[PDB]
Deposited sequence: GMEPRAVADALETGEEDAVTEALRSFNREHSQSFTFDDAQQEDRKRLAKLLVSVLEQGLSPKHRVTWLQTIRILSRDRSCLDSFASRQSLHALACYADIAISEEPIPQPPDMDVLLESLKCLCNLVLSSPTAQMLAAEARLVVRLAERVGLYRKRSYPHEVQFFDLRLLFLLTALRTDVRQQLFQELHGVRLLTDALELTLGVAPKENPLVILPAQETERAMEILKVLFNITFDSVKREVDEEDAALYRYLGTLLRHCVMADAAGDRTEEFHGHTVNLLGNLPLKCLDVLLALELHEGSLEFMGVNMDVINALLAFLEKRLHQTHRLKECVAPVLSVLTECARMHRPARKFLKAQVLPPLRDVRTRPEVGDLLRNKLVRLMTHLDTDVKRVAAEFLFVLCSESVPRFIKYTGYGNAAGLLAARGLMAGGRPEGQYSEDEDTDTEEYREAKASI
């Protein structure tokens, strides 16, 4: 490959053969991160200003993927990306991604890759991406993922771009939730990706690519629901959320190809914690396909229990990662007596509860955690398992830990 200053000098001579050959040479050496050199930064910024001028006038269909690939490489550098944060620049990339509001697969992927880098780091690009309404045809392409057909990497970066837009812009988040039927659209995309219907066999194992797309779908669903779901919900919004919860029930029961299972269960449970509390009853709505407890299938509740144990092993200071699963389990225990007795039997058999490495000793230690969120939910979880009896709660957890649920907060 050749150095940025050489590429810029190649364009200055203007011979079409030296230009493309310089771009493709640069694209091969700099496609990996070990090539990026602090010393060549001003040459990269110089090259970025040249290329945004070309991109904004338009890219010829041949060499189009070559130009975008250079822009995509340059966009990894923070100091070069503002050169591209313009209406004309984003609009040009939106067209080559075919999400401009007004089918070359490799041009599509490179533009989506460019747009992901641009909006991620620039408040101006975030403002321009919202104004350009890229979310509309981004969502419409996701809905047509069955009728139409796109490669997995295009599908992934559509969802990644959708994730970034909903994460970085409140107004894009509201648009997808309130006016673009985002929950229904992405619940549909999740079922297609999972390959199972709500009422079918519990999904056992998900392929690696489907896991990547499904996790992105779960993250977008998290974005548009952590903010906008009032906890009281009508009959139409209850059924979709129950429909979605049944898909999340599959995710809980299943593993992900490779070692992505716990990350896959992390995004599933995070979303479960966003649903209206009443819709969590789907987690107890399994038939026997095998863990029976007082007539109720506890396999889902047992699976959330295993995930809770796994993540308590694997987190030093980030115990907050288990607050979603604890609140889901708490409301299951609070709403359903058989789930409460099972969880108490599994966690709390009949002197210093904070000592040990059984599951109950680890949960009790969370009751005094630094993160206020996780110390209160772990406290309420065990309090509910104790049938909300303060004496029993104190006996099983010790008064120093149980005080975080009584007003005796502040004596300690």
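Judged by missing C-alpha atoms, the gaps in the deposited chain sequence fall at residues 103 to 109, 297 to 298, 360 to 364, 427 to 453, listed in sequence order.
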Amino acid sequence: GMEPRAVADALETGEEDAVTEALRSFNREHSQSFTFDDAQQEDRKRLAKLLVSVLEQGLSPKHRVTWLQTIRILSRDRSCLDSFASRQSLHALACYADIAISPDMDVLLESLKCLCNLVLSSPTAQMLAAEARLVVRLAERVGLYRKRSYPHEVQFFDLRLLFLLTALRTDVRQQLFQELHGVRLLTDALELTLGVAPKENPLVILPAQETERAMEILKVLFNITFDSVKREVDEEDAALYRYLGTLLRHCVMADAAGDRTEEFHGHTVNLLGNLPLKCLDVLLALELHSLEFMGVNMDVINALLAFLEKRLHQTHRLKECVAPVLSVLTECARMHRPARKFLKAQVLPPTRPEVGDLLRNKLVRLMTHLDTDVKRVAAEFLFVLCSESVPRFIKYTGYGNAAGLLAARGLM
From here on, numbers count along this sequence of modelled residues.
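Set 197 to 205 against 162 to 170 and average the Cα temperature factors; 197 to 205 ends up higher. Two stretches are in play, 383 to 391 and 55 to 63, and the higher mean C-alpha B-factor belongs to 55 to 63.
Across the options 231, 133, 250, 91, the residue with the most elevated CA B-factor in the record is 231. Which of 267, 113, 148, 213 has the largest Cα B-factor in the deposited entry comes down to 148.
The entry lists a Cα temperature factor for residue 243 that places it in the lowest third of the chain's modelled residues. Residue 47: CA B factor lies in the lowest third for its chain, per the PDB record. Annotation for residue 179: CA B-factor lies in the lowest third of the chain's modelled residues. Split the chain's modelled residues into thirds by C-alpha temperature factor. Residue 155 is in the middle one. The deposited CA B-factor of residue 219 belongs to the lowest third of values across its chain.
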